[PDB]
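Enquirer: Below you'll find the structure I mean.
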Amino acid sequence: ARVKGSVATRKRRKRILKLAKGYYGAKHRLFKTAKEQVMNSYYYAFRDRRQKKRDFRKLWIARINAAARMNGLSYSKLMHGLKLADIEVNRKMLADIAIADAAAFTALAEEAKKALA
Amino acid sequence: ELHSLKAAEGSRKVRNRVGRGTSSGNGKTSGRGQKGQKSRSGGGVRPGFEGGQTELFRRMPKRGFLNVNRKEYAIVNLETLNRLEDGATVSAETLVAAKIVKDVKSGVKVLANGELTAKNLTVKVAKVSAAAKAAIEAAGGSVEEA
Amino acid sequence: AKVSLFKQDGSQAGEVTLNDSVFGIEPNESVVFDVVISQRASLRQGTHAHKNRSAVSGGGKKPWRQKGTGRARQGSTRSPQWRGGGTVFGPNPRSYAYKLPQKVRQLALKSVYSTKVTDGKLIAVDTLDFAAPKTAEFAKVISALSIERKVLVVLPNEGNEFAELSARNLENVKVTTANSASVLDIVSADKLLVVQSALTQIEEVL
Amino acid sequence: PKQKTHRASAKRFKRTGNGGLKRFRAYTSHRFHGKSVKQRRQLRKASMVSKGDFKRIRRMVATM
RNA sequence: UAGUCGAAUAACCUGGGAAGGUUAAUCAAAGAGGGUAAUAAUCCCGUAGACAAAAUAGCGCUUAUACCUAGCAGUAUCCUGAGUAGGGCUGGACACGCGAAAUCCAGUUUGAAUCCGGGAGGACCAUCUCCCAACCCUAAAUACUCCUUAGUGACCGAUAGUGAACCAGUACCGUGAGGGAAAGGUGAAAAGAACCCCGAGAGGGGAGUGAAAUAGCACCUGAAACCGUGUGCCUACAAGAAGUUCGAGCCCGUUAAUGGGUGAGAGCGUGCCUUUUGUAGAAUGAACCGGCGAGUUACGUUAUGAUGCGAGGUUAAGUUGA
RNA sequence: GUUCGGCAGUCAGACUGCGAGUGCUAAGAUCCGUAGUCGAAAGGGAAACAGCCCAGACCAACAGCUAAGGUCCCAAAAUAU
RNA sequence: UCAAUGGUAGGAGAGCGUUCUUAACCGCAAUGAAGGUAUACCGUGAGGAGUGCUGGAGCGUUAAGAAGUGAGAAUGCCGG
């Protein structure tokens, strides 16, 4: 019963290497540095499944205080006027109005002006 | 069922393939933790061991010598007499032809415990307890001991 | 009950003096596959060997000494990790036999027995003990109902001899008696002919 | 082959059916001066074996 | 110990080739197994059965012979196993470690009785039970195979399986005792590449060979590390466990898929193992790649379940049998 | 929670306070009790940080709200009152 | 619906894959088995098949049994 399963073992080897392909140079020409190299990459892809959340929101709030600051408005009193404001506490679609919305942007800003007012 | 041999419960379960893999592990450890007399090969440890101190049993006094002429009678209940009625001349032939116990210590004995369902007198014994002699001998028995 | 009593298969459609004693039960298939595993390896020869580094060898001497000279603490090439491979714990010359107690054995015969009772793929057959041993005889008597896949053949216990010194080239014929009983006997074929002495060929211990 | 019963351990111990073992008393053999009058009154007899200890029974005192 | 006979089939499709698929038929003590260019019951070896040996080594049966024994009552006395039992000391074995030590056998010493006898009955003294040493032989049931075949495999497939499938105990090391390697596969069939050309030659290239020439003599199959040659994108203001995530831009079109190959740029990101209190480590260790390479079983106990029957469960060894 | 039965390993830890001891009331020093922390628990904060503070992660997600801590730029929120 | 799902040594449960299994069940195979190779599928995982190509003989199923049985890592070994 001295049996091997050799091609099965190399199929685990082949399976992880074909799933490991792409990174720098020697790595797919070797075995084991590639093993972390997918692995570390979706460790912090697991973090960036939370951190492109927490950085695209920085793009969101940052560009919306960029246009608010273009109206001379600061993000904290704007959002403060958003809690003062209507049923809208809508956040990041309200970040998405950075394209071409003087009506939506500056008028909802005026809604916030009559919310602080 | 030779087309589709199936097994039932309990008789089978996986024999634990201990010492491979990542999940149960146990080849890295075998439940053990390294760097100790426990942590090695052989399984070499004597069971009774007070840490080099003498053991519990090693502190025991030497009590009671033993009679080489120790001999008993393979004592039965009277509850088997509740089984067999009457079996006149209750003896070893009734006992081992009743197949109660076959390899016997030579005689036979009944308890006072067990009930007086039997009617016969001539119970052939080597030695029945006098507590049971109260029972059967007050319950239509005769003593035939040896 | 009533299954066969065939003097030849197709030639006398009658009863079966089974007898309809205790045979009709729950067939305990737990007990059945117990007898297929214990009755299995009753012919495993098991003569696969096993060896050891101290069994077959050339070297019982350390091939260098370690200090400074390159490599590690090390036994030998005869130590198994080289091409001189010693098996670790491996096989052994082991046996594999066990037989069950009597009441679960006869209980096991009277499980698949019952399955063949209500199944009726057993057929009560008379002697049909022929002149020649040729298997055109039993080719057309066995194929005179032609149970197709594979069949067990209940002889008497006087030892029929003409399908029995022959019909080993008849590829589905299993020569058997009352001294043939197992589960690898019957669960193997599932389809069988009977000699109608099956009372004193079955009941006598069962 | 078999598992060898330690016969002298059997000469140490005596266990009961459906119950524990009888353990004779310590101290009771060698001097009796410094052991008390009450300890002489009471230490002829002795109590049973432990509960959480003595589980090293297995199986050094087998089937005696 | 030489071997002998020994049944039962044809076509079509495929392919380089049928036994494969398809169509049909036979046999039967032979549908074990192995070959056959590709898996056969009917092609062959065979197989099952049935015959055959003078010499050959035997086994066994019948025959008179190949020779020494019996019962039996009584008891004239003799015999019956002398340095022998024993005893001392020193040993040892016997479960027995000198111990209450049996009992036996040694050295050494002393030394009986002898049939009204003598011995054993775990110191020993009486009663009882048994036996007759100190003379010799004894098959059978048992142990193991270098060997001879008949063989069998939930043996094993070329690091395995014998060190050794191969001219293996070979090469080789060592003066020696010793040690001790490596390696099988073309193609069915060498049908082994005529010729022609390059080339000092080899080697190549055409031709032709073969089903196939990436099939060409270490030749089935051919990864893997290594070296390449081509290829779309990007990089010569850059100081990263070499990554993600987003993504300008480019290129291409897929187990038809919210496509892939990129990737500038930009955010955030201390390899893996044992040990430790804590290692990213300047703590170990790992050149890489592939192969091998490690928790068993023998018997026993306990626990837990499963099944069976139940104060009744249970056959061990063995015998039978494949 | 007890009892009974198997099956374990752990013996040598630190650190932060808090209260002790020893020590130059030296120490990332020892040695106690006491809680936490790590070990064996990521993420955030403090420039990186095992031990401090907050907050215990099944996973997706282009959701929001919030803990401490921050809001002149890196680097997001207050040139806030 | 509610509650739970950090987790090492620890302990429990379950499943995958390899090989042999006469078993059967029941097929594939030269129109191409196995094996290799690319592959932009699926499966919580291990893992599974589809196609293209090499390649020219055994392999797969199912279910169950039995195991020299699941490979990095040791101055691991051998070979390159």
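Ordering of the structure tokens sets the chain letters (A, B, ...), residue numbers begin anew at 1 in every chain, and ligands are numbered from 1 in the order given.
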I need the chain C residues near chain B as a PDB file with C-alpha atoms, in the first residue's frame; criterion: at most 12 Å, counting only C-alpha atoms.
Expert:
```pdb
ATOM      1  CA  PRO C  27     -34.055  -8.263   8.190  1.00  0.00           C
ATOM      2  CA  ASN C  28     -31.427  -6.637  10.432  1.00  0.00           C
ATOM      3  CA  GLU C  29     -29.172  -5.061   7.842  1.00  0.00           C
ATOM      4  CA  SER C  30     -26.846  -3.831  10.568  1.00  0.00           C
ATOM      5  CA  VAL C  31     -26.144  -7.486  11.320  1.00  0.00           C
ATOM      6  CA  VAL C  32     -25.980  -8.057   7.565  1.00  0.00           C
ATOM      7  CA  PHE C  33     -23.136  -5.656   6.836  1.00  0.00           C
ATOM      8  CA  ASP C  34     -21.487  -6.864  10.016  1.00  0.00           C
ATOM      9  CA  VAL C  35     -21.353 -10.260   8.360  1.00  0.00           C
ATOM     10  CA  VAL C  36     -20.176  -8.684   5.126  1.00  0.00           C
ATOM     11  CA  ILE C  37     -17.236  -7.095   6.912  1.00  0.00           C
ATOM     12  CA  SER C 111     -32.162 -11.963   7.217  1.00  0.00           C
ATOM     13  CA  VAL C 112     -31.079 -12.213   3.618  1.00  0.00           C
ATOM     14  CA  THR C 115     -35.260 -10.950   1.777  1.00  0.00           C
ATOM     15  CA  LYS C 116     -35.057 -13.818  -0.676  1.00  0.00           C
ATOM     16  CA  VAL C 183     -23.600 -13.504   3.093  1.00  0.00           C
ATOM     17  CA  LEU C 184     -20.930 -13.468   0.398  1.00  0.00           C
ATOM     18  CA  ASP C 185     -22.796 -16.589  -0.631  1.00  0.00           C
ATOM     19  CA  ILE C 186     -26.173 -15.051  -1.235  1.00  0.00           C
ATOM     20  CA  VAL C 187     -25.994 -11.243  -1.306  1.00  0.00           C
ATOM     21  CA  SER C 188     -23.443 -11.738  -4.078  1.00  0.00           C
ATOM     22  CA  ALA C 189     -25.869 -13.351  -6.526  1.00  0.00           C
ATOM     23  CA  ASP C 190     -29.312 -12.324  -5.071  1.00  0.00           C
TER      24      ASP C 190
END
```
Enquirer: Should the cut-off be 10 Å, what would the residue list for chain C against chain A look like, counting only C-alpha atoms, as a tab-separated table (two decimals) with C-alpha atoms, in the first residue's frame?
Expert:
```tsv
chain	number	residue	atom	x	y	z
C	48	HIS	CA	1.90	-8.77	2.25
C	87	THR	CA	9.58	1.48	6.70
C	90	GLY	CA	3.92	0.07	7.78
C	91	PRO	CA	2.24	-3.26	7.19
```
Enquirer: Show me which bits of chain F are within 10 Å of chain A, counting only C-alpha atoms (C1' of nucleotides), as a count of residues only.
Expert: 11
Enquirer: If you count only C-alpha atoms (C1' of nucleotides), which residues fall within 8 Å of residue 74 in chain B, apart from same-chain ones fewer than 4 positions away, as a ChimeraX atom specification?
Expert: /B:104-109
Enquirer: What does the file look like for those residues with N, CA, C and O atoms, as a PDB file, in the first residue's frame?
Expert:
```
ATOM      1  N   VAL B 104     -18.015 -24.734  39.267  1.00  0.00           N
ATOM      2  CA  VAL B 104     -18.472 -24.357  40.592  1.00  0.00           C
ATOM      3  C   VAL B 104     -17.354 -24.623  41.584  1.00  0.00           C
ATOM      4  O   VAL B 104     -16.496 -25.487  41.376  1.00  0.00           O
ATOM      5  N   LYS B 105     -17.335 -23.827  42.637  1.00  0.00           N
ATOM      6  CA  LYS B 105     -16.665 -24.238  43.852  1.00  0.00           C
ATOM      7  C   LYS B 105     -17.525 -25.291  44.514  1.00  0.00           C
ATOM      8  O   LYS B 105     -18.714 -25.056  44.742  1.00  0.00           O
ATOM      9  N   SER B 106     -16.894 -26.417  44.855  1.00  0.00           N
ATOM     10  CA  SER B 106     -17.454 -27.768  44.929  1.00  0.00           C
ATOM     11  C   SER B 106     -18.891 -27.897  45.417  1.00  0.00           C
ATOM     12  O   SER B 106     -19.704 -28.586  44.794  1.00  0.00           O
ATOM     13  N   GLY B 107     -19.219 -27.226  46.512  1.00  0.00           N
ATOM     14  CA  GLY B 107     -20.557 -27.322  47.050  1.00  0.00           C
ATOM     15  C   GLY B 107     -21.549 -26.363  46.436  1.00  0.00           C
ATOM     16  O   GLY B 107     -21.442 -26.020  45.257  1.00  0.00           O
ATOM     17  N   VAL B 108     -22.523 -25.933  47.235  1.00  0.00           N
ATOM     18  CA  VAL B 108     -23.567 -25.012  46.807  1.00  0.00           C
ATOM     19  C   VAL B 108     -24.142 -24.368  48.063  1.00  0.00           C
ATOM     20  O   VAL B 108     -24.066 -24.921  49.159  1.00  0.00           O
ATOM     21  N   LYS B 109     -24.667 -23.153  47.910  1.00  0.00           N
ATOM     22  CA  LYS B 109     -25.273 -22.449  49.030  1.00  0.00           C
ATOM     23  C   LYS B 109     -26.339 -21.484  48.533  1.00  0.00           C
ATOM     24  O   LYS B 109     -26.160 -20.850  47.490  1.00  0.00           O
TER      25      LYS B 109
END
```
Enquirer: Which residues come within 9 Å of range 16-25 of chain G, counting only C-alpha atoms (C1' of nucleotides), excluding same-chain residues fewer than 4 positions away, as number ranges by chain?
Expert: A: 1-6, 8; B: 2-4; C: 184, 188; E: 154; G: 45-47, 62-63, 65-67, 69-70
Enquirer: Please identify all polymer residues within 10 Å of residue 97 in chain C, counting only C-alpha atoms (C1' of nucleotides), omitting same-chain residues fewer than 3 positions from it, and present them as a ChimeraX atom specification.
Expert: /C:38-44,94
Enquirer: So that I can see what lies close to range 47-58 of chain F, please list as a PyMOL selection string the residues with an atom at most 8 Å from it, counting only C-alpha atoms (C1' of nucleotides) and leaving out residues fewer than 5 positions away in the same chain.
Expert: (chain E and resi 278) or (chain F and resi 15-16+37-39+41-42+67-68) or (chain G and resi 5-6)
Enquirer: Near chain E, which residues of chain B fall within 12 Å when you count only C-alpha atoms (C1' of nucleotides), and what do they look like as a count of residues only?
Expert: 33
Enquirer: Give as a list in words every residue of chain B that touches chain D within 8 Å, counting only C-alpha atoms.
Expert: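 For chain B, the answer reads residues 47, 48, 57, 58, 59, 60, 61, 62 and 63 of chain B.
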Enquirer: Generate the output file for the selected residues, C-alpha atoms, as a PDB file, in the first residue's frame.
Expert:
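Final file, again.pdb:
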```pdb
ATOM      1  CA  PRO B  47       2.158   5.132  36.333  1.00  0.00           C
ATOM      2  CA  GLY B  48       2.543   5.129  40.096  1.00  0.00           C
ATOM      3  CA  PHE B  57       0.633   2.133  48.094  1.00  0.00           C
ATOM      4  CA  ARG B  58       4.336   2.181  48.880  1.00  0.00           C
ATOM      5  CA  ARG B  59       3.360   3.572  52.301  1.00  0.00           C
ATOM      6  CA  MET B  60       1.145   0.713  53.081  1.00  0.00           C
ATOM      7  CA  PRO B  61       1.544  -1.806  55.872  1.00  0.00           C
ATOM      8  CA  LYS B  62       1.707  -5.485  55.022  1.00  0.00           C
ATOM      9  CA  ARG B  63      -1.641  -6.846  56.119  1.00  0.00           C
TER      10      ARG B  63
END
```
Enquirer: Could you list the residues in chain E lying within 7 Å of chain D, using only C-alpha atoms (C1' of nucleotides), and format the result as JSON, numbers by chain?
Expert: {"E": [299, 300, 301]}
Enquirer: For a test of reading the model, state the distance in Å between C1' of residue 41 in chain E and CA of residue 168 in chain C, rounded to one decimal.
Expert: 12.3 Å
Enquirer: Got a sec: who's within 12 Å of residue 120 in chain C, counting only C-alpha atoms (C1' of nucleotides), leaving out chain neighbours fewer than 6 positions off, as a PyMOL selection string?
Expert: chain C and resi 1-5+15-16+18+112-114+190-194
Enquirer: Using CA of residue 120 in chain B and CA of residue 87 in chain B as the two end points, give the distance in Å to one decimal.
Expert: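 According to the coordinates, CA of residue 120 in chain B and CA of residue 87 in chain B are separated by 7.4 Å.
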